[PDB]
Amino acid sequence: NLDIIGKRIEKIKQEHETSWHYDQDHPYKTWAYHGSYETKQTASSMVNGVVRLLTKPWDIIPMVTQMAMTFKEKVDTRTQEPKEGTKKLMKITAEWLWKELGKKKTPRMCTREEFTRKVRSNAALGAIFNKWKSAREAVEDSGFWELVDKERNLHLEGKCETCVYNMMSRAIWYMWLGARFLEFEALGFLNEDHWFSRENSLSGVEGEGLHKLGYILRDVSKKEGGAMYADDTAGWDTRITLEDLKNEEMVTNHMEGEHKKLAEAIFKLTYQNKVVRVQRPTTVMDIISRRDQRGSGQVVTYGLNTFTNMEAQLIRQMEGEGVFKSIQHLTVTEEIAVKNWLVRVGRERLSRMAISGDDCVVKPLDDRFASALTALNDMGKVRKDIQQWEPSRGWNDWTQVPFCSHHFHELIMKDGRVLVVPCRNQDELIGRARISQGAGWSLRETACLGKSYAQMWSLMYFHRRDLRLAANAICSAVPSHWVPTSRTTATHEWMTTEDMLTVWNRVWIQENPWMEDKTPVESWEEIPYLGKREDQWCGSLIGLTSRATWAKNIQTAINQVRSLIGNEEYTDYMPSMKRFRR
Ligand SMILES: CNS(=O)(=O)CC1CCCCC1
Ligand SMILES: [Zn+2]
Ligand SMILES: [Zn+2]
């Protein structure tokens, strides 16, 4: 308690000595409260006019238009301590999983150099407004690094002064850049060196890309076993126990020198003890602490979520296979059975899973998995939208399985080759493309964001008739040489000025390990769509009068946007589709 977080508390207390009160009508039950001080401020979703003007039929579809308008009583809940058999199952499994992830990887510090390059090409690292404006400025100034150095030597001493969270089913915890560097220096290796790649971790998909996830699910489908299970957890980040955070910290056992001490300090001082500053309307800043739940950078969060999800799902598999009999207590021969299962079949069992952070698909040995719920519930990984002891509903067809907000279609090209393509409800795709985040967008920047969506659609969703047509219209309405942009950057092969047919060929043919024949495609008309009825099922407007008028008059919509942007160089991409090819 206060010995580890006090220094951090004491510091904030002083900087607002003119305000510090122990407010008595404070909400917190599960968060420890420490005091308050005065503040006053709040970023809503702006519409991308370039995409909206070229998607007129969707102006009257509430599922699209409502997306652009507009649970902190789940962050204030508590998770019971797992039983002794559960804690033992997790410790054995975690120990074994780090060893296997570590067999072909070397833990190592990430550097100021690596950190700087990242800031100067815009990843959502999560810093704050103050002393320097943007992160881009602080990185170049030696002052910052002296701040970073003071804290760094403090961490080597087992103490912390400035590593404090800022709160804001979502709750994103920004830290100041300095503390972000210290987290990256010690744990960035997990992402930077691809510890959760499929090749390295067998269950993971880190770095895979949407054009790969469908093929991966189809490979899992080829295994002998039962249904495919894809149970979502209710508020995964809020269900991370202190026992979870202690099995995650066992990565430090693989480390040495400085690194081991620095990683140990991140885990002890910022993860297993946390200090947060929260905005309350009634408006003050609340300085609250707690030991458990997830609160890291979004990138370290992703890797430790994948690790702990891999661990949970191996254990649920162990329960289905009857490797242990009860979570109350493991016997001595049960420990040696668990260790032996891991050594004998652990890698084969990892390969039966696709795990992206809190998101999973498992193809277990058989359907005993569906009612193997005691360890899963006792670890606190409670399933969403199903009663706690009701057996899981599995999927019989890999093409029906939800994973990473998608499902996947099998699509045969007129030449017999097989594409496995990502898909989701088309209203969700159009609704998201019509939205921009943040202020001070020029017409040119708005156009270049619309071009990023259009190029993603040509690469990932070319099989949806409305999206191929709308993608061609947007790429026709935006100047040919203007570069696609995004403000929060998987693979992103659509972010380029290269010809989209050439990028399609590289992604889907040349570099696709599931495609044996490397014959390039010479036009978009060789590239197939879903069946007309399947396209409607997945939200296509084909068949509606609104959509026919839109398609027929598309050059008038393109010309409206060209007139707004002004006399620039434009390409007509509509003749890439047969109906506009005369
Ligand atoms: C490929 N271009 S398209 O989507 O316009 C083709 C038709 C599909 C059947 C209904 C009318 C539109
Ligand atoms: Zn610190
Ligand atoms: Zn679909």
# chains A, B, ... in the order shown; residues from 1 in each chain; ligands from 1
>>> closest_atom_pairs(of="chain A", to="ligand 1", cutoff="9 Å", atoms="only C-alpha atoms and all ligand atoms", output="tab-separated table")
residue	atom	partner	partner_atom_place_in_ligand_line	distance
A:464	CA	ligand 1	4 (O)	8.1
A:465	CA	ligand 1	4 (O)	4.4
A:466	CA	ligand 1	4 (O)	6.2
A:468	CA	ligand 1	4 (O)	8.2
A:469	CA	ligand 1	2 (N)	7.1
A:529	CA	ligand 1	1 (C)	8.0
A:532	CA	ligand 1	8 (C)	6.5
A:541	CA	ligand 1	10 (C)	8.8
A:542	CA	ligand 1	10 (C)	5.0
A:543	CA	ligand 1	10 (C)	5.2
A:544	CA	ligand 1	10 (C)	8.5
A:547	CA	ligand 1	11 (C)	8.4
A:548	CA	ligand 1	11 (C)	6.7
A:551	CA	ligand 1	5 (O)	6.4
A:552	CA	ligand 1	5 (O)	8.3
A:577	CA	ligand 1	1 (C)	6.5
A:578	CA	ligand 1	1 (C)	7.0
A:579	CA	ligand 1	2 (N)	6.3
A:580	CA	ligand 1	2 (N)	8.8
>>> select_by_dssp(residues="range 183-328 of chain A", states="strand (DSSP E or B)", output="PyMOL selection string")
chain A and resi 204+228-229+233+274-280+284-290
>>> residues_near_ligand(ligand="ligand 2", cutoff="6 Å", atoms="only C-alpha atoms and all ligand atoms", output="list in words")
residues 151, 160, 161, 162 and 163 of chain A
>>> closest_residue(among="A:303, A:531, A:402, A:520", to="residue 196 in chain A", atoms="only C-alpha atoms")
A:303
>>> residues_around(residues="range 332-348 of chain A", least_positions_apart="4", cutoff="8 Å", atoms="only C-alpha atoms", output="list in words")
residues 89, 92, 93, 96, 202, 314, 318, 323, 324 and 352 of chain A
>>> write_last_selection(atoms="N, CA and C atoms", output="PDB file, in the first residue's frame")
ATOM      1  N   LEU A  89      -2.445 -24.339 -11.076  1.00  0.00           N
ATOM      2  CA  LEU A  89      -2.655 -24.623 -12.532  1.00  0.00           C
ATOM      3  C   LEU A  89      -2.105 -23.441 -13.355  1.00  0.00           C
ATOM      4  N   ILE A  92       1.994 -23.177 -12.941  1.00  0.00           N
ATOM      5  CA  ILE A  92       2.671 -24.228 -13.758  1.00  0.00           C
ATOM      6  C   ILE A  92       2.587 -23.832 -15.229  1.00  0.00           C
ATOM      7  N   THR A  93       1.388 -23.422 -15.679  1.00  0.00           N
ATOM      8  CA  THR A  93       1.090 -23.142 -17.117  1.00  0.00           C
ATOM      9  C   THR A  93       1.879 -21.904 -17.584  1.00  0.00           C
ATOM     10  N   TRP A  96       5.617 -22.608 -17.886  1.00  0.00           N
ATOM     11  CA  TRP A  96       5.851 -23.417 -19.094  1.00  0.00           C
ATOM     12  C   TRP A  96       5.677 -22.544 -20.357  1.00  0.00           C
ATOM     13  N   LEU A 202       2.366 -20.059 -31.609  1.00  0.00           N
ATOM     14  CA  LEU A 202       1.487 -21.147 -32.147  1.00  0.00           C
ATOM     15  C   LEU A 202      -0.021 -20.782 -32.050  1.00  0.00           C
ATOM     16  N   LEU A 314      -5.562 -22.980 -22.365  1.00  0.00           N
ATOM     17  CA  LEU A 314      -4.889 -24.307 -22.208  1.00  0.00           C
ATOM     18  C   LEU A 314      -5.495 -25.024 -20.986  1.00  0.00           C
ATOM     19  N   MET A 318      -7.445 -28.355 -20.449  1.00  0.00           N
ATOM     20  CA  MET A 318      -6.948 -29.421 -19.527  1.00  0.00           C
ATOM     21  C   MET A 318      -8.161 -29.993 -18.783  1.00  0.00           C
ATOM     22  N   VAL A 323      -7.544 -33.691 -17.075  1.00  0.00           N
ATOM     23  CA  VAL A 323      -6.106 -33.755 -16.669  1.00  0.00           C
ATOM     24  C   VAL A 323      -6.039 -33.568 -15.146  1.00  0.00           C
ATOM     25  N   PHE A 324      -6.969 -32.777 -14.611  1.00  0.00           N
ATOM     26  CA  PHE A 324      -7.186 -32.545 -13.166  1.00  0.00           C
ATOM     27  C   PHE A 324      -8.690 -32.691 -12.874  1.00  0.00           C
ATOM     28  N   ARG A 352      -4.281 -25.355 -31.722  1.00  0.00           N
ATOM     29  CA  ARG A 352      -5.746 -25.542 -31.910  1.00  0.00           C
ATOM     30  C   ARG A 352      -6.442 -24.217 -31.629  1.00  0.00           C
TER      31      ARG A 352
END
>>> residues_around(residues="residue 153 in chain A", least_positions_apart="6", cutoff="12 Å", atoms="only C-alpha atoms", output="ChimeraX atom specification")
/A:145-147,159-161,182,258,261-262,265
>>> write_last_selection(atoms="N, CA, C and O atoms", output="PDB file, in the first residue's frame")
ATOM      1  N   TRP A 145      14.787  13.872 -21.160  1.00  0.00           N
ATOM      2  CA  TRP A 145      15.618  12.665 -20.899  1.00  0.00           C
ATOM      3  C   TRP A 145      16.260  12.752 -19.502  1.00  0.00           C
ATOM      4  O   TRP A 145      16.460  11.686 -18.880  1.00  0.00           O
ATOM      5  N   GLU A 146      16.490  13.955 -18.967  1.00  0.00           N
ATOM      6  CA  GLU A 146      17.010  14.129 -17.580  1.00  0.00           C
ATOM      7  C   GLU A 146      15.872  13.800 -16.603  1.00  0.00           C
ATOM      8  O   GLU A 146      16.141  13.132 -15.585  1.00  0.00           O
ATOM      9  N   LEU A 147      14.639  14.201 -16.923  1.00  0.00           N
ATOM     10  CA  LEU A 147      13.424  13.758 -16.183  1.00  0.00           C
ATOM     11  C   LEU A 147      13.366  12.221 -16.237  1.00  0.00           C
ATOM     12  O   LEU A 147      13.300  11.593 -15.156  1.00  0.00           O
ATOM     13  N   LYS A 159      11.721   2.504  -6.285  1.00  0.00           N
ATOM     14  CA  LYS A 159      10.793   3.623  -5.960  1.00  0.00           C
ATOM     15  C   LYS A 159      10.307   4.291  -7.248  1.00  0.00           C
ATOM     16  O   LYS A 159      10.968   4.156  -8.274  1.00  0.00           O
ATOM     17  N   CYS A 160       9.242   5.088  -7.160  1.00  0.00           N
ATOM     18  CA  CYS A 160       8.534   5.689  -8.322  1.00  0.00           C
ATOM     19  C   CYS A 160       7.986   7.060  -7.927  1.00  0.00           C
ATOM     20  O   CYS A 160       7.371   7.147  -6.844  1.00  0.00           O
ATOM     21  N   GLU A 161       8.123   8.064  -8.790  1.00  0.00           N
ATOM     22  CA  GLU A 161       7.698   9.446  -8.449  1.00  0.00           C
ATOM     23  C   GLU A 161       6.704  10.001  -9.476  1.00  0.00           C
ATOM     24  O   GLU A 161       5.815  10.764  -9.046  1.00  0.00           O
ATOM     25  N   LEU A 182       9.804   4.389 -20.343  1.00  0.00           N
ATOM     26  CA  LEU A 182      10.287   3.427 -19.322  1.00  0.00           C
ATOM     27  C   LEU A 182       9.524   2.096 -19.456  1.00  0.00           C
ATOM     28  O   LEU A 182      10.167   1.023 -19.316  1.00  0.00           O
ATOM     29  N   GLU A 258      20.694  -4.983 -15.783  1.00  0.00           N
ATOM     30  CA  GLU A 258      19.813  -3.792 -15.788  1.00  0.00           C
ATOM     31  C   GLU A 258      18.375  -4.220 -16.137  1.00  0.00           C
ATOM     32  O   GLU A 258      17.476  -3.996 -15.310  1.00  0.00           O
ATOM     33  N   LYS A 261      16.007  -5.756 -13.758  1.00  0.00           N
ATOM     34  CA  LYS A 261      15.668  -4.850 -12.626  1.00  0.00           C
ATOM     35  C   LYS A 261      14.637  -3.837 -13.096  1.00  0.00           C
ATOM     36  O   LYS A 261      13.686  -3.572 -12.355  1.00  0.00           O
ATOM     37  N   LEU A 262      14.849  -3.292 -14.283  1.00  0.00           N
ATOM     38  CA  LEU A 262      13.936  -2.301 -14.905  1.00  0.00           C
ATOM     39  C   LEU A 262      12.541  -2.945 -15.136  1.00  0.00           C
ATOM     40  O   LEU A 262      11.548  -2.311 -14.756  1.00  0.00           O
ATOM     41  N   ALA A 265      10.634  -3.543 -11.964  1.00  0.00           N
ATOM     42  CA  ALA A 265      10.135  -2.277 -11.386  1.00  0.00           C
ATOM     43  C   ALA A 265       8.839  -1.857 -12.098  1.00  0.00           C
ATOM     44  O   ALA A 265       7.891  -1.430 -11.392  1.00  0.00           O
TER      45      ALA A 265
END
>>> residues_near_ligand(ligand="ligand 3", cutoff="10 Å", atoms="only C-alpha atoms and all ligand atoms", output="short mmCIF file (atom, residue, chain, number, x, y, z; two decimals) with N, CA and C atoms, in the first residue's frame")
data_model
loop_
_atom_site.label_atom_id
_atom_site.label_comp_id
_atom_site.auth_asym_id
_atom_site.auth_seq_id
_atom_site.Cartn_x
_atom_site.Cartn_y
_atom_site.Cartn_z
N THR A 399 -16.47 -20.86 -41.28
CA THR A 399 -16.98 -19.66 -41.99
C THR A 399 -18.06 -18.89 -41.20
N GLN A 400 -18.51 -19.43 -40.06
CA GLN A 400 -19.54 -18.80 -39.19
C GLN A 400 -18.91 -18.25 -37.91
N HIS A 406 -14.85 -9.93 -37.25
CA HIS A 406 -15.10 -10.41 -38.63
C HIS A 406 -15.69 -11.83 -38.64
N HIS A 407 -16.18 -12.25 -39.79
CA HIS A 407 -16.28 -13.67 -40.21
C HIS A 407 -15.55 -13.76 -41.55
N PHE A 408 -15.39 -14.96 -42.06
CA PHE A 408 -14.53 -15.26 -43.21
C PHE A 408 -15.31 -16.11 -44.21
N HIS A 409 -15.22 -15.72 -45.48
CA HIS A 409 -15.85 -16.44 -46.61
C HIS A 409 -14.77 -17.16 -47.40
N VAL A 421 -11.54 -14.70 -47.45
CA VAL A 421 -11.67 -13.21 -47.40
C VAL A 421 -12.34 -12.79 -46.11
N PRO A 422 -11.92 -11.66 -45.52
CA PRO A 422 -12.59 -11.15 -44.33
C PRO A 422 -13.88 -10.41 -44.67
N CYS A 423 -14.83 -10.38 -43.74
CA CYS A 423 -16.16 -9.77 -43.98
C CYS A 423 -16.76 -9.30 -42.66
N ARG A 424 -17.58 -8.26 -42.70
CA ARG A 424 -18.51 -7.97 -41.60
C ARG A 424 -19.68 -7.16 -42.14
N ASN A 425 -20.68 -6.94 -41.30
CA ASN A 425 -21.91 -6.27 -41.75
C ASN A 425 -21.50 -4.94 -42.41
N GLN A 426 -22.02 -4.69 -43.59
CA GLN A 426 -21.54 -3.60 -44.45
C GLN A 426 -21.90 -2.26 -43.82
N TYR A 461 -12.11 -6.00 -48.80
CA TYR A 461 -13.57 -6.12 -48.98
C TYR A 461 -13.96 -5.93 -50.45
N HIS A 463 -14.73 -8.07 -52.52
CA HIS A 463 -15.83 -9.06 -52.79
C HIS A 463 -17.25 -8.54 -52.46
N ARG A 464 -17.35 -7.36 -51.84
CA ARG A 464 -18.64 -6.68 -51.54
C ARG A 464 -18.88 -5.66 -52.66
N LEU A 530 -18.72 -12.12 -53.61
CA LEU A 530 -19.64 -13.07 -52.94
C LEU A 530 -20.83 -13.28 -53.87
N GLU A 534 -25.62 -13.87 -50.77
CA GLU A 534 -24.65 -13.71 -49.64
C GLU A 534 -24.28 -12.23 -49.43
N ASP A 535 -24.09 -11.46 -50.48
CA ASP A 535 -23.74 -10.02 -50.36
C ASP A 535 -24.89 -9.30 -49.65
N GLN A 536 -26.14 -9.63 -49.98
CA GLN A 536 -27.32 -9.00 -49.31
C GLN A 536 -27.36 -9.41 -47.84
N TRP A 537 -27.25 -10.72 -47.55
CA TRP A 537 -27.16 -11.25 -46.16
C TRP A 537 -26.16 -10.42 -45.35
N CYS A 538 -25.00 -10.04 -45.94
CA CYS A 538 -23.94 -9.32 -45.22
C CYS A 538 -24.11 -7.80 -45.34
N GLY A 539 -25.31 -7.35 -45.78
CA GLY A 539 -25.79 -5.95 -45.66
C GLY A 539 -25.74 -5.16 -46.95
N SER A 540 -25.47 -5.78 -48.12
CA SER A 540 -25.45 -5.06 -49.41
C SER A 540 -26.82 -4.44 -49.69
#
>>> closest_residue(among="A:76, A:525, A:231, A:511", to="residue 211 in chain A", atoms="only C-alpha atoms")
A:511
>>> residues_around(residues="residue 278 in chain A", least_positions_apart="2", cutoff="9 Å", atoms="only C-alpha atoms", output="list in words")
residues 165, 166, 167, 168, 276, 280, 284, 285, 286, 287 and 288 of chain A
>>> residues_around(residues="residue 560 in chain A", least_positions_apart="4", cutoff="10 Å", atoms="only C-alpha atoms", output="list in words")
residues 50, 53, 54, 477, 554, 555, 556, 564, 565 and 566 of chain A
>>> write_last_selection(atoms="C-alpha atoms", output="short mmCIF file (atom, residue, chain, number, x, y, z; two decimals), in the first residue's frame")
data_model
loop_
_atom_site.label_atom_id
_atom_site.label_comp_id
_atom_site.auth_asym_id
_atom_site.auth_seq_id
_atom_site.Cartn_x
_atom_site.Cartn_y
_atom_site.Cartn_z
CA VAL A 50 -15.78 13.16 -48.82
CA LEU A 53 -21.08 12.56 -50.36
CA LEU A 54 -20.00 9.34 -52.24
CA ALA A 477 -12.85 11.82 -56.59
CA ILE A 554 -21.88 7.75 -59.80
CA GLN A 555 -19.87 10.14 -62.16
CA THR A 556 -22.18 13.02 -61.01
CA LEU A 564 -15.24 21.02 -54.10
CA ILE A 565 -11.54 19.92 -53.99
CA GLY A 566 -10.83 21.97 -57.21
#
>>> residues_around(residues="range 410-413 of chain A", least_positions_apart="3", cutoff="7 Å", atoms="only C-alpha atoms", output="mmCIF file with N, CA and C atoms, in the first residue's frame")
data_model
loop_
_atom_site.group_PDB
_atom_site.id
_atom_site.type_symbol
_atom_site.label_atom_id
_atom_site.label_comp_id
_atom_site.auth_asym_id
_atom_site.auth_seq_id
_atom_site.Cartn_x
_atom_site.Cartn_y
_atom_site.Cartn_z
ATOM 1 N N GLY A 416 -10.390 -21.094 -60.544
ATOM 2 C CA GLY A 416 -10.352 -22.239 -59.621
ATOM 3 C C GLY A 416 -9.525 -21.966 -58.376
ATOM 4 N N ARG A 417 -8.706 -20.910 -58.330
ATOM 5 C CA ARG A 417 -7.900 -20.652 -57.104
ATOM 6 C C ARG A 417 -8.854 -20.201 -55.971
ATOM 7 N N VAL A 418 -8.430 -20.361 -54.726
ATOM 8 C CA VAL A 418 -9.312 -20.170 -53.539
ATOM 9 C C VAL A 418 -8.831 -18.992 -52.711
ATOM 10 N N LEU A 419 -9.700 -17.982 -52.538
ATOM 11 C CA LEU A 419 -9.462 -16.845 -51.609
ATOM 12 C C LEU A 419 -10.263 -17.095 -50.323
ATOM 13 N N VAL A 420 -9.658 -16.861 -49.170
ATOM 14 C CA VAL A 420 -10.386 -16.775 -47.881
ATOM 15 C C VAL A 420 -10.364 -15.317 -47.463
ATOM 16 N N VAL A 421 -11.536 -14.695 -47.447
ATOM 17 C CA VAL A 421 -11.673 -13.213 -47.403
ATOM 18 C C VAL A 421 -12.343 -12.794 -46.110
ATOM 19 N N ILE A 527 -11.270 -10.655 -60.496
ATOM 20 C CA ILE A 527 -11.380 -10.760 -59.008
ATOM 21 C C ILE A 527 -12.869 -10.879 -58.661
ATOM 22 N N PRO A 528 -13.282 -11.977 -57.992
ATOM 23 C CA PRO A 528 -14.701 -12.275 -57.795
ATOM 24 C C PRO A 528 -15.377 -11.511 -56.644
ATOM 25 N N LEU A 530 -18.719 -12.122 -53.610
ATOM 26 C CA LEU A 530 -19.637 -13.075 -52.944
ATOM 27 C C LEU A 530 -20.832 -13.285 -53.872
#
>>> select_by_dssp(residues="range 122-269 of chain A", states="alpha helix (DSSP H)", output="count of residues only")
67
>>> atom_distance(atom1="CA of residue 383 in chain A", atom2="CA of residue 313 in chain A")
12.4 Å
>>> atom_distance(atom1="CA of residue 392 in chain A", atom2="CA of residue 90 in chain A")
21.8 Å
>>> closest_atom_pairs(of="range 153-214 of chain A", to="range 292-298 of chain A", cutoff="8 Å", atoms="only C-alpha atoms", output="Markdown table")
| residue | atom | partner | partner_atom | distance |
| --- | --- | --- | --- | --- |
| A:173 | CA | A:295 | CA | 6.5 |
| A:174 | CA | A:297 | CA | 7.7 |
| A:180 | CA | A:297 | CA | 7.4 |
| A:183 | CA | A:297 | CA | 7.8 |
>>> write_last_selection(atoms="N, CA, C and O atoms", output="tab-separated table (two decimals), in the first residue's frame")
chain	number	residue	atom	x	y	z
A	173	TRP	N	-6.00	4.47	-20.45
A	173	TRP	CA	-5.18	5.07	-19.37
A	173	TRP	C	-3.89	5.65	-19.95
A	173	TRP	O	-2.88	4.91	-19.96
A	174	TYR	N	-3.93	6.90	-20.41
A	174	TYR	CA	-2.75	7.70	-20.86
A	174	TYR	C	-1.82	7.95	-19.66
A	174	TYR	O	-2.31	8.22	-18.55
A	180	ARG	N	6.03	6.34	-20.40
A	180	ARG	CA	5.74	5.50	-21.59
A	180	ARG	C	7.06	4.92	-22.11
A	180	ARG	O	7.08	3.72	-22.45
A	183	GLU	N	8.22	2.14	-19.75
A	183	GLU	CA	7.44	0.91	-20.02
A	183	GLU	C	7.98	0.25	-21.31
A	183	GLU	O	8.23	-0.99	-21.30
>>> closest_residue(among="A:170, A:108, A:363, A:274", to="residue 190 in chain A", atoms="only C-alpha atoms")
A:108
>>> closest_residue(among="A:356, A:65, A:253, A:301", to="residue 271 in chain A", atoms="only C-alpha atoms")
A:301
